[PDB]
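All remarks here apply to the structure that follows.
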Amino acid sequence: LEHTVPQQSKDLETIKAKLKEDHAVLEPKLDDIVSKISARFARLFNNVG
Amino acid sequence: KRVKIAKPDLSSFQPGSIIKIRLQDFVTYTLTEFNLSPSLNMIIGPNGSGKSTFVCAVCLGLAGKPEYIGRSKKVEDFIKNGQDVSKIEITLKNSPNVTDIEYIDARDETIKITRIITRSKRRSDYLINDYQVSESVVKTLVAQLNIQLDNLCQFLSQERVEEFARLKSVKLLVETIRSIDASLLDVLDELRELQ
């Protein structure tokens, strides 16, 4: 188990780093798309008051 | 002098727009001509007077089939009663970004699509520049124009209006993920399962 601990401890860092990199790449694009669609929705609904 | 109709110059009109539509041998309209404004089109008529039929024929002309618009299929309604063939012609701006075209050069700005419906023959046959072609070529021309008939966003019908009326948040997420590439959501879900 002492020999097994470093092998599991090495993990959860690369996998989290890949998840963080994927989240960091994906987040701004969806955020800008959501901001733009929300701005268009608000500007269209301004006529509706 | 002689009265001259306004020139249908496709260059002035934005790409993908339709300037002149000819409807031949249709219900209550054997020969009709229609013009569409580049900014927006407004049509006023009671339902069942052929305006809806004209719109459906225009949709069918661009590689459209009645079953693919989420509505009942009635080919006979389009055909004039007693006339063998019903013809609908649509003219569109052409840009050198679409492949698989017949009799039209990339530099050419005109893509003319004609649909003829006859009771005797049952096949999907369309015309490009008055040349007979299969429906697959027109369908791929429509697909390469970034316009989709099956998708509810581009085309909205009464059944599609009913579907949109009751829409769940999951449906909105599916629409948003299908508009953008859906590979990113799948990769993120796989990474979440790995986590």
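By convention here, the chains of the structure tokens are called A, B, ... in the order presented, each chain's residues are numbered starting at 1, and ligands are numbered starting at 1 in the order presented.
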- Message: Within 8 Å of chain B, which residues belong to chain A? Use only C-alpha atoms and report them as a VMD selection string.
- Response: chain A and resid 12 15 to 16 19 22 to 23 26
Using N, CA, C and O atoms, can you write the selected residues to a file as a short mmCIF file (atom, residue, chain, number, x, y, z; two decimals), in the first residue's frame?
```cif
data_model
loop_
_atom_site.label_atom_id
_atom_site.label_comp_id
_atom_site.auth_asym_id
_atom_site.auth_seq_id
_atom_site.Cartn_x
_atom_site.Cartn_y
_atom_site.Cartn_z
N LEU A 12 -4.72 12.59 -10.23
CA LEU A 12 -5.59 13.64 -9.62
C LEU A 12 -4.89 14.99 -9.78
O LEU A 12 -5.49 16.01 -9.44
N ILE A 15 -4.84 14.74 -14.26
CA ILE A 15 -6.26 14.65 -14.70
C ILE A 15 -6.95 15.97 -14.37
O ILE A 15 -7.67 16.49 -15.24
N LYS A 16 -6.71 16.50 -13.17
CA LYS A 16 -7.31 17.81 -12.79
C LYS A 16 -6.73 18.92 -13.67
O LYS A 16 -7.49 19.82 -14.02
N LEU A 19 -8.46 18.67 -16.92
CA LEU A 19 -9.86 19.15 -16.74
C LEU A 19 -9.85 20.68 -16.63
O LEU A 19 -10.70 21.31 -17.27
N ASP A 22 -9.14 22.16 -20.08
CA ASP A 22 -10.34 22.03 -20.94
C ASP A 22 -11.40 23.03 -20.49
O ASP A 22 -11.99 23.68 -21.36
N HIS A 23 -11.61 23.15 -19.17
CA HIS A 23 -12.60 24.12 -18.64
C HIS A 23 -12.17 25.54 -18.99
O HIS A 23 -13.03 26.32 -19.40
N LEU A 26 -12.81 26.04 -22.71
CA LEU A 26 -14.27 26.06 -23.03
C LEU A 26 -14.99 27.26 -22.40
O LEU A 26 -15.89 27.80 -23.08
#
```
- Mind pulling up the distance from atom CA of residue B:112 to atom CA of residue B:92?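 These atoms are spaced 6.3 Å apart.
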- Could you pull out all residues of stretch 12-174 of chain B with a DSSP call of helix (DSSP H, G or I) and give them as a ChimeraX atom specification? /B:51-61,66-69,75-78,135-144,158-165,169-174
